[PDB]
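Residue numbers (the UniProt record's numbering), protein chains in the order written: chain A, 20 to 149, 156 to 225; chain B, 5 to 67; chain C, 2 to 68; chain D, 62 to 121; chain E, 2 to 146; chain F, 3 to 143; chain G, 81 to 160; chain H, 56 to 110; chain I, 2 to 144; chain J, 36 to 105.
Yeah, the Cβ is synthetic: ideal placement off N, Cα and C, and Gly gets one too.
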RNA sequence: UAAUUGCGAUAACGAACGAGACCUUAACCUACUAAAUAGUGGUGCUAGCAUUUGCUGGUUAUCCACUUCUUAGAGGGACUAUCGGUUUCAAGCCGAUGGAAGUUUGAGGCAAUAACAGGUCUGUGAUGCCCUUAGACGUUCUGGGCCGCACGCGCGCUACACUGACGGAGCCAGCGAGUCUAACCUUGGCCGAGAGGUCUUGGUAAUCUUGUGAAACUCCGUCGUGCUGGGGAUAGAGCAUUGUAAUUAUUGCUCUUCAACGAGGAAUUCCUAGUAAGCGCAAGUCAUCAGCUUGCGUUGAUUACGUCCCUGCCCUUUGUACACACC
Ligand SMILES: [Mg+2]
Ligand SMILES: [Mg+2]
Ligand SMILES: [Mg+2]
Ligand SMILES: [Mg+2]
Ligand SMILES: [Mg+2]
Ligand SMILES: [Mg+2]
Ligand SMILES: [Mg+2]
Ligand SMILES: [Mg+2]
Ligand SMILES: [Mg+2]
Ligand SMILES: [Mg+2]
Ligand SMILES: [Mg+2]
Ligand SMILES: [Mg+2]
Ligand SMILES: [Mg+2]
Ligand SMILES: [Mg+2]
Ligand SMILES: [Mg+2]
Ligand SMILES: [Mg+2]
Ligand SMILES: [Mg+2]
Ligand SMILES: [Mg+2]
Ligand SMILES: [Mg+2]
Ligand SMILES: [Mg+2]
Ligand SMILES: [Mg+2]
Ligand SMILES: [Mg+2]
């Protein structure tokens, strides 16, 4: 991999994770693909990024929020409840950990089980206060809502219990890789669409 | 689970009382050239894609 | 949400009215022109005036225009 | 920058509206190389009502 | 640290000083369930008595705990600062004591009843069951008397 | 006297003034090596310039920077940005243009404030609430 | 003594310095002129005195328990 | 005196918690004199050929 | 190559200097270390409790070396943290002015710091020797 | 104060044959099995690491992830 | 359109106030002027590790040069530019590129005509009238009170923890202030667990306090889900400081005491980008006392970029016997 040396020591691990195909600090970024036509063009990846910390204005204009690296937008959804408003770095560490775990058992690269977890938690349809009326939610409220439900559920499980936030988040998204009837997100989503039929 | 595939071609406007929903004409790129008009909940742009679960239904202006 | 005030539209119209041989369709030249041809009171003011003067000069070479 | 924040109303009624007053100060210094007789010719009109002109020499 | 294994050494239940102590809790914190104790007053005495706080409250050598009790019942004769206790210049013998367990409950009323017997305003306040340190009582402390 | 330049980077109130001498390819901010900074998880955000443009890219330069003001993340974001234009200015003066344009294009296509001098600033609070847009709670009798 | 001395300086075009005119309004209404007469006199004096614009307001009570307030302005005037 | 303050019964949160709250505690503004503002109560008026002499 | 203090990871460097000062023998502890929580701003004493004077005695010199001169007051402010005033808002208060004064004295007698002019205490010269060789062993950890 | 926050002599047998078949390990993973409390749980991990039990895929404190001995 | 901001229609044509303009603050200039009260490089002089010549510091001037960083003077820069999409293809709007910057560039300052029995005679030696004026409602001194506690309401502070408390350790801001007839901001040296004391010093201040080494936050450990070490109300005992005076405890420290509080009913607040929220800091107050306020920076989201359903307010039309104008 044509190594290069200088005066200050730059560890060979670093000397390995360069222009050579882009990965996360330790996870591959290519071969991660959305397995649902819908939300494609709305799950920003490849655009590889080694660490999810990007000082990018994503709200100056409405839709640029979709061009944001998903795992980062997913990470911004943790610095919530005041007690975590800010704490971005503490979050970044919880995610590097979380994926250190999803891959614990699932061989599948974490940057792919993430998309698999967002796929099965986007409500195809919902309801609104007209009784109620059946409504198809947008392809980005789809993601926004998927991330929101996944993180609130994991945050819900980490409270008053020894298990760490990273562990609960990991187990929640593994169950959400393909709905297994146990993630707070599969449940809420399916029931947020099981009432869209109530008005038809 | 028969699903669909619709791509918005033009935008209609804000329906519903609070104005948070929007009418939009969709277009299936499977058996294209067809007409359908569905309404959404999230914010949308031109050219997005959504999936219908009941292709034979269409609501109208919501009170 | 920037609809130029009529003070600027007023002056720019009065200028396309007397300086067409001059006032080329590129802003910079019009700005450097007004610095010597009009008694403006502020840089930003004359920039607004000149940019409008330019848009008007830009489209009259496409068709007519009021005033 | 000398700031003065105070409520506008002399009383304490209405909206609790505050008002910041400002006063800006400028003090520029030069180190000169002149003689013993131009000592007070720069004390002559080099003055401008409103400028505090202070000059004394030392290195200790 | 380092992994350890006691055969039957540690007894879960243990009462001493007329006060119970949990076996399954750490001994630097297990001790604090007595009155007049402190997470610091106990911390200090522990290795003053030469005990290793790293592990639990029951494995502890019986002789070691009697040494500890002696330390607290005789803290100044055994090099303890005179500003680390709650009974310095007590009120009648210019002595520096430490009130422990059953005795602190008493000493509280000892002083209380003094204040009352002498008619000091804060004594009257206490008898009436109010706040003594002068806090505003109008909007605070309303439903627990 | 050897070919060398000086550049900077500014994020929030932080300021990273950097100097690049023609040398052995040694890099250290505040006097310590880039090996460890610790905003550790955030260190890759400054390791990135090296790997983006190809990491050799240093065998005849020398990097060292100092940062005043800012915060634990303000300075880390300001220094990476303080070195990016350092290298570009170096190839501007001492090296040819083509190689420079290559660098500034490889940067612009990835850059997260790498060359853009982020304009965000702190908004000033206004009486009526301890916060920029927030107002004190109201009562309505 | 000697650290300061003051010298009187006649004022140019008094009809443009506000205070100069306000004190006049005071010292004429205090002499018994009609409120409107004195006010209109000072406003047109200030006008023939060069000033491009002028305005004078009188607030309070004059023989009427309830307080009124009248304006008197002429010419041009900017306020923003 | 102080002896009287303690000996004297009727004092203490006990002797007060045992009692009931005067309903005047939960009372409000009473809006005294906020609906008559526009109607001058001086029972007096100002003569027009008094004001005209004033202004 | 040539080692230096700036070239060592702060945590694992100071802890190495701690294990060294620890197994060397000349300490000069004021003897009063059974109680002090190192500041009023804190709740309880450090947990090491056999040592940690060496850990503070590693942070004592790393800092003073990286800086020209420093003073007991500056060290109190550095280590001092937020103090929970119970129900009142958190505020930062300086640390102990004595466990610092005689954390230096105790090792100046061991010669790693000198009472600097201009007021303060500059890094010692023999200390300037008791320098980065320590970092050499630190790097030996990754040899 | 419940369920053997302390040694549990005949549990030290359980730990050894329990570690295999696990794709994850953590202090939480330990107390998760009706077992040793966190204080004496967190301390066992490296004790096992001493001879081919795990593979330390994690790096720092407050979160630890080892894996099957290979 | 934020705007009676404009396009367009037009018995109106052309103007003015107010909006805009303007002013201030934050962002951009390696282009101008240059500065031991700002800083950079070289070099003296000098310290350590390695040694190959390197790497890291010291040095109120040892000298030489410079103005990128800092500072503040003068200019410049943006005018929604270019291209496109939309539209009476009008004002305009929307997307993309470029750009320090394209949400009135962000934030403020100013702000016409009128209206209220709105608040202020308790800011004024501003004031009309009325009251009192020597047993005073003048005034000063002494002590108490404004804190008084069965309860009702409102702005808040700390929490219910494991995105944690704790213990080391890593350690980074920005708005300010600061002592003459003086006791202000305080470095450093010692004594003290602490609070604090004591001995000197710099500073009328970009020169000294100060790099304000702040706090959150980062790292490494101890804890283990149990009111637990979360939590710190109440309370006892002692030590300090401010002050003529600390009792009803001014504030600080030490030990001990270890409540309620296990996410909050009906309801209601604030907010769209460096904003919310968390975090601490300076200033006002100030002998002592911030849980308040005015500013500051620190870490930094989620979700809008819509509508008139709720609510409020404007504008037309319309009715009117109101015009002291529905009180
Ligand atoms: Mg907190
Ligand atoms: Mg206790
Ligand atoms: Mg105007
Ligand atoms: Mg600190
Ligand atoms: Mg600390
Ligand atoms: Mg607290
Ligand atoms: Mg400059
Ligand atoms: Mg762009
Ligand atoms: Mg009234
Ligand atoms: Mg008044
Ligand atoms: Mg009066
Ligand atoms: Mg009061
Ligand atoms: Mg309020
Ligand atoms: Mg901590
Ligand atoms: Mg003592
Ligand atoms: Mg002096
Ligand atoms: Mg408890
Ligand atoms: Mg606590
Ligand atoms: Mg809640
Ligand atoms: Mg204060
Ligand atoms: Mg107040
Ligand atoms: Mg009518």
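Short of 6 Å from the beta carbon of residue 140(E), and not among the five residues preceding or following it, lies no beta carbon of its own chain.
Of all alpha-carbon atoms in 33(C), 68(C), 2(C), the one lying nearest the alpha-carbon of residue 50(C) is that of 33(C).
Counting only runs that start and end inside the region 87-111 of chain F, the alpha helix (DSSP H) elements of at least 4 residues fall at 99-110.
For the pair residue 104(H) and residue 101(G), the Cα-to-Cα distance works out to about 30 Å. It is roughly 5 Å from the alpha-carbon of residue 131(A) to the alpha-carbon of residue 51(A). For the set 116(G), 160(G), 125(G), the Cα lying nearest the Cα of residue 137(G) is the one of 116(G).
Nearest to residue 35(A) by C-alpha distance, out of 32(F), 20(F), 58(F), is 58(F).
Relative to the Cα of residue 68(E), the nearest Cα in the group 120(E), 18(E), 6(E), 2(E) belongs to 18(E). Per DSSP, the unbroken alpha helix (DSSP H) holding residue 30(E) starts and ends at 28-31. The distance from the Cβ of residue 89(J) to that of residue 60(J) is about 6 Å, consistent with a contact at the 8 Å cut-off. Secondary structure of residue 133(G) (DSSP, three-state): strand. By alpha-carbon distance to residue 76(F), the top candidate from 116(F), 34(F), 7(F), 14(F) is 14(F). Taking the Cβ atoms as the reference, residue 103(I) lies roughly 20 Å from residue 94(I), outside the contact range of under 8 Å. Under the 9 Å criterion on CB atoms, residue 33(A) is classed as non-interfacial with respect to chain J.
Here residue 98(A) carries a coil assignment [DSSP, helix/strand/coil]. If you check the CB distance, residue 68(A) and residue 40(A) do not come in under 9 Å. Within chain F, the residues 43 have their CB atoms less than 9 Å from the CB of residue 115(A), given in chain order.
Taking 9 Å as the cut-off, the Cβ atoms of residue 78(F) and residue 47(F) count as close. Within the chosen limit of 8 Å, ligand 5 reaches the beta carbon of residue 82(I) through at least one heavy atom. Ranking 4(F), 98(F), 56(F), 41(F) by CA distance to the CA of residue 24(A) puts 56(F) first.
At least one heavy atom of ligand 3 is found less than 8 Å from the C-beta of residue 158(G). For ligand 6, no non-hydrogen atom lies closer than 8 Å to the CB of residue 41(I). The beta carbon of residue 97(H) falls within 9 Å of a beta carbon belonging to chain G, placing the residue at that interface.
DSSP places residue 158(A) in no alpha helix (DSSP H) but in the uninterrupted beta strand (DSSP E) bounded by 157-161.
Counting along the chain, residue 66(D) sits inside the beta strand (DSSP E) bounded by residues 63-68. Distance between residue 48(J) and residue 57(J), taken at the CA atoms: about 16 Å. Excluding the 5 residues flanking it on each side, residue 93(J) has same chain C-beta neighbours closer than 8 Å at 99, 100, 101, in chain order. Short of 8 Å from the beta carbon of residue 95(F), and not among the five residues preceding or following it, lie these beta carbons of its own chain, in chain order: 5, 7. Listed by position along chain D, the residues whose Cβ is nearer than 8 Å to that of residue 129(F) are 77, 78, 79. Proximity of chain E to residue 72(H) at the Cβ level (cut-off 7 Å) is accounted for by 146, in chain order. Identification of residues in the region 4-18 of chain I having a C-beta nearer than 9 Å to some C-beta of chain F yields 5, 6, 7, 8, 9, 10, 11, 12, given in sequence order.
Under the DSSP assignment, residue 14(I) falls outside any beta strand (DSSP E), being part of the alpha helix (DSSP H) whose first and last residues are 11-23. Annotation: residue 171(A) to residue 73(F) spans about 33 Å, alpha carbon to alpha carbon. Taking 4 residues as the minimum length, the alpha helix (DSSP H) runs contained wholly in the region 59-113 of chain E are 63-74, in order along the chain. Using a CB distance cut-off of 9 Å, residue 34(F) counts as an interface residue toward chain I.
Leaving aside the five residues that flank residue 215(A) on each side, the residues in its chain whose CB is nearer than 8 Å to its CB run, in chain order, 204.
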